[PDB]
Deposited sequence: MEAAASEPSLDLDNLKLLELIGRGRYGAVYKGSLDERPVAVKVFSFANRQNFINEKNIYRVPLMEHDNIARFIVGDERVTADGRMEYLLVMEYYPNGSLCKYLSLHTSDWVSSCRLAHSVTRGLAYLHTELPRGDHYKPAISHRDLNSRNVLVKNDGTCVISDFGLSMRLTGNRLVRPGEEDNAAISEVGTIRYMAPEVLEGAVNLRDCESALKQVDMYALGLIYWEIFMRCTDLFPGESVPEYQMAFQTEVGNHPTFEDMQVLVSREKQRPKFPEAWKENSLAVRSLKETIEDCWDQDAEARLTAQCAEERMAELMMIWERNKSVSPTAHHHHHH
């Protein structure tokens, strides 16, 4: 199909700050449909354009189908982005509902990291040149879970190409996931490309924390705590940029590792180190996504505890 006459909208399945998301049907096939109002036009153009970059199809990037303007029956402008429908919803929602064993949690962490490494990596392939991309608002709500328990990265409304022909306020993402240099207005734009990959990597660390806070094998003989976002106990819901700057940049705080994680094991010690190397104060000392994928691959495969 790929033509918005054949498009039927069913129930709402989510919303963020730019779009409302509905389950739908495009010529008999289940799909998900992200609806932008006129005010959010630029975010639509950005997201569509990032999805249409050559070689953006990947197991760990959300599957885009078609995007275009559709005027309402009332003569208002809307933008519709049609993509594959993921019944598990966002990683945040999945983690709310589910705990997972070691292999499953590593699968979630490894698949998200693989997506981000793919996104971050420039593919200079002539007619199919893929630029390096930064997500710019990486978090649990912008990651979706497939039916196989692997993740895809979604929501490229704020993403930016970092290499290639046509380029470039940093204070634009979700506040709780902002790196300290973002909260300081200190992002070092001399090396645009590295600085912005490093900003995603910090957020990746927070994502890791949320995933493993829900791993059954990290809380042996005990209850796994109910799901909470990174920093939720410290700052609550909807922190201000100011309050976050104090906690994260000034006080250098990070989500705490439970006492239940006794690091007399290689698996746990390397888990903690990998998370800590992602959300490091020194942007330049943070793991790359490729290094992080290898860390997570190795943890997934660790034989015995």
Gaps in the model, given as deposited-sequence positions counted from residue 1 = 1-8, 177-185, 323-336
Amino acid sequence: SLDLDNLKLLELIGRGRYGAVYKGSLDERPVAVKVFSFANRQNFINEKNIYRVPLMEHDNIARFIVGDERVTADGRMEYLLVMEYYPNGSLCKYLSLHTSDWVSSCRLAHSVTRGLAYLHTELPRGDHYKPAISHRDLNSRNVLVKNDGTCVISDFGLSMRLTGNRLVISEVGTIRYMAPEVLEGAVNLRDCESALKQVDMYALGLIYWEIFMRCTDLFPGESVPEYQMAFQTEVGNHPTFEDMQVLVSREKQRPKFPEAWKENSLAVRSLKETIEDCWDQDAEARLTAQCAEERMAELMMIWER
From here on, numbers count along this sequence of modelled residues.
Mean CA B-factor: is it higher for 34-42 or for 251-259?
-> 251-259
Higher average CA B factor in the deposited record is what I'm after, so tell me if that's 225-233 or 174-182.
-> 225-233
Peak C-alpha temperature factor (PDB record), options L206, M77, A109, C192 = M77
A289, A283, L9, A20, ranked by C-alpha B-factor: the highest one = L9
Quick one: classify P220 as lowest, middle or highest third of the chain based on its Cα B-factor.
-> highest
Ordered by C-alpha B-factor within the chain, which third holds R52? Give me lowest, middle or highest, please.
-> middle
Chain thirds of CA B-factor: placement of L158 | lowest
Of the three thirds of the chain ranked by Cα temperature factor, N264 occupies the highest
Split the chain's modelled residues into thirds by Cα B-factor; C278 lands in the lowest
